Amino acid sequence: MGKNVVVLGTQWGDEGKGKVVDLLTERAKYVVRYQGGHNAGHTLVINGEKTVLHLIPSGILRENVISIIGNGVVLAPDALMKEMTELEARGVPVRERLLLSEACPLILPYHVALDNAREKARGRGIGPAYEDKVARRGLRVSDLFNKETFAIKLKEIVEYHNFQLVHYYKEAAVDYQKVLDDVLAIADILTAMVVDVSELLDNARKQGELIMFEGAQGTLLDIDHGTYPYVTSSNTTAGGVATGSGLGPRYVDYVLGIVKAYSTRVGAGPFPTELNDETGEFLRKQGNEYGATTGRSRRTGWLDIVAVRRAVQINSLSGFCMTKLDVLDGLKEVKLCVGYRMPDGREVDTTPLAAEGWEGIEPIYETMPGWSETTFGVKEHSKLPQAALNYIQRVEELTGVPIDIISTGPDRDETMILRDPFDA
């Protein structure tokens, strides 16, 4: 009997998780998303054909695998329908393969309105949906099973948020009836996918099946443990799997940290190893880190072992998959940040508390030879350049965590699984 595997990003997002979940599902019976919303941006490339997923889990392209959107995921019905319809217009029989938790909150248009108004005052609507959830004033998939009381609950919530939208934000009121109409048009599609996820997952273990759990975003964006206030609206660590799916918490068997070979952040927040130079532009170009829209070009920098150590700790990582190793190809030297020099001159090897702050940190690096022979194109471990093998080894040494999977390109086949994480 093997181990459930939780796959999550160890850094500040964009670690290249989608590819890894898809490659590893081939084995699994269930793939379960357990937190966040429709902003995963998880990219699969199979025989050169690209798929992008934001909401639907990254096992959806695999036969005989059941994908589940667990309760920890906030669900925009319009977004789910769009992804469903587009996968379906391709070969992918989504409705055969996809189940939903009744406990998923609904993201509706007033959440998008609130989110935008808030941002102006300085995957849309995710935060406001989580907020309504905490207040127990929101809606869930479970509310769709009685359309009459759904309408009554919806009217109350729309009225509530319209007060703020109109009087505080000076924005247009959201039209209750339009919101209702659009939900009613698709309600039966969503309710047909509902199952008792807790019971399914319990039974799965007893049946000898293993579960893959898919996280989005990145460990150091975790609402509690990340770089506060530059964090997201939910927990992103492996500790969310139980509460976000109904899995019993003793059954978090193996935690696979996806660690990109270099660092990125999108938007503001502390970033000790940030490179605002030609090396940084090289990483951005070679790693295709420009994003999709204004202001979402990723900041780039060297791999930060101090920060990664924090992710090892809060996730209890079992092993790593290192991604995008090929991006470093050709660099004369590569660097690992192994310590932080604080403004007072102290040298530390642990991330600072928000109490102290990240301001003014100087990274302390180990510099190592790069490789001119490529890792791109490599599918046999013994054919990796020795300097790349050494880089990998050094990260293992510094973290105490093995690199069990190495990725050298975007395709499912540009990968070496040294130890399959499902093993007993």
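Position 1 is the first residue in the sequence shown; the rest follow in order.
Count the deposited residues lacking coordinates between residue 122 and residue 123 and you get 4 to 9 of them. In this entry, 406-414 shows the higher mean Cα temperature factor of the pair 7-15 and 406-414. Remark: stretch with higher mean C-alpha B factor among 128-136 and 167-175 is 167-175. In this entry, the residue among 118, 250, 285, 335 with the greatest C-alpha B factor is 118. Comparing the listed residues 388, 398, 60, 68, the entry records the largest Cα B-factor for 60. In this PDB entry, the Cα temperature factor of residue 145 sits in the top third of its chain's modelled residues, the highest group. Sort the chain's modelled residues by C-alpha temperature factor and residue 45 lands in the highest third, per the entry. For residue 379, the recorded CA B-factor ranks within the middle third of the chain. Only modelled residues enter the ranking. Residue 226: CA B factor lies in the middle third for its chain, per the PDB record.
Per the deposited record, the Cα B-factor of residue 342 falls in the highest third when ranked against the other modelled residues of its chain.
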